[PDB]
Each structure stands twice: as C-alpha cells, then as structure tokens.
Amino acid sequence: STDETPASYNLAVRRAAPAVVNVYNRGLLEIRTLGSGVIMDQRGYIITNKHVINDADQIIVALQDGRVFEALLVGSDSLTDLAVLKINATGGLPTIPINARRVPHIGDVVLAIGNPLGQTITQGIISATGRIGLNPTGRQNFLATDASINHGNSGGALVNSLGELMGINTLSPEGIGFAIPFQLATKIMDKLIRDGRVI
C-alpha cells in the first residue's frame, strides 16, 4: 500500500478548481454568499447562474488564491439561467480549461465544483445528453449527471478526469443534476459580451 498510489481525480481538481470562484452580494453592511462562478478567459469574464446575481446590489468575486475583486454584470440569459460578469484582470488570472475539440460521451467521469463549507467537489458521470423544453437554439440543450448538484455548486464547473470544461452546473426527475454544455455556454457568453455593447 505504502508504495502504490490511490485512484484519484485530484489532477482534474488541481487544473480546474483554481478557476472556480465564490460570488457574493454586499448590500447595506450585509455580505451574503450568493453562489459559485467560473473564470472563462484572461479578459476577466466569468460565468455564473442568473438566480445567483438576480437581486445583487454589489457583486463580489473571491478566488481560491485569496484575491477579491468587484464584478460588473455584463448581461444574463433567462432561458439558460446563465449570466456573465466582468472583473479587472490583474496580471495572472486562473482560467477554466476548455477543449473545443473534445466530444463529451455518455458515461464519462465528471467532477462537479462549487463553494457552499468552502470549495467542494463531487463525482459522477454523464448520465444523458439531448434537448429539453423550449429549444430555440436548435442545438443540444442539456447535460445530465448523477454528481450531486445543489445551490452550493450551482453556477460552478463540471469537468472530466482531465479537467476540461464539460458544462456549467445549473438549476433550470430525481437524483439527477443538470449542467449546460460548454459549447452552448461559450456561445451564450459571447453573445452576451457583444450585445452588451449596444445602445
């Protein structure tokens, strides 16, 4: 036992966990814990759930390395219950690994990450994929997983054994949790970033 190594997905945790952050409100002083989020790129854009930031007077984001920024709401999307925040990027931002070439397969191992107790991670697999409810996008709508999904990780990341982003944990039929495919999450972010610059 002493010589060998335990089976673990701590690799994926090292790679993707730094990029997952907390999201707070700071009304007035009251500092509430809203939920989780995911740093997407060096520009300082972050994805989170719309419900998390719905009634937010002041939004604050806290990284696992100790840094704390104030974020501004770039824009949200009710249908997918997503929202994009923006923060000033001091030199060095941890970003969520993304592989646009990777094709998620049913059965894949996935870790769910978010802060309820500090950062927390649960393990499951991709239970199913397809489209659900109103699907204006025309593209695959949901991603199901038996990894525990709750408020504590709602808005957080869902990643494979490699650490690559598979989806965004969301709340929008028991024992199963849902995430928004990273391909759809990417597209929605871009359209929210671009259409945020509009009269």
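In this text, residue numbers run from 1 along the sequence as written.
Legend entry - Length class of the unmodelled deposited segment, which would lie between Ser148 and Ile149: Nothing is missing.
Legend entry - Unmodelled stretch of the deposited sequence separating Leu134 from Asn135, binned as none, 1 to 3, 4 to 9 or 10 or more: None; the chain is continuous from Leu134 to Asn135.
Inset, instruction - Read off the CA B-factors in the entry, average them over 120 to 128 and over 84 to 92, and name the higher stretch. - result: In the deposited entry, the stretch with the higher C-alpha B-factor mean is 84 to 92.
Legend entry - Stretch with the greater mean C-alpha B-factor as recorded in the entry, comparing 48 to 56 against 163 to 171: The entry gives the higher C-alpha B-factor average to 48 to 56.
Legend entry - Per the PDB entry, maximal CA B factor within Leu79, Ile98, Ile106, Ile113: Going by the entry's C-alpha B-factors, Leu79 comes out highest.
Legend entry - Out of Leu34, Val68, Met40, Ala144, residue topping the C-alpha B-factor column of the entry: Out of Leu34, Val68, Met40, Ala144, the record gives the largest C-alpha B-factor to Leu34.
Legend entry - CA B-factor placement of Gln183, once the chain's modelled residues are sorted into thirds: Within its chain, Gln183 is a lowest-third residue by C-alpha B-factor, going by the deposited values.
Inset, instruction - Determine, from the deposited record, the chain-internal third of the Cα B-factor for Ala62: lowest, middle or highest. - result: According to the entry, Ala62 has a C-alpha B-factor in the chain's middle third.
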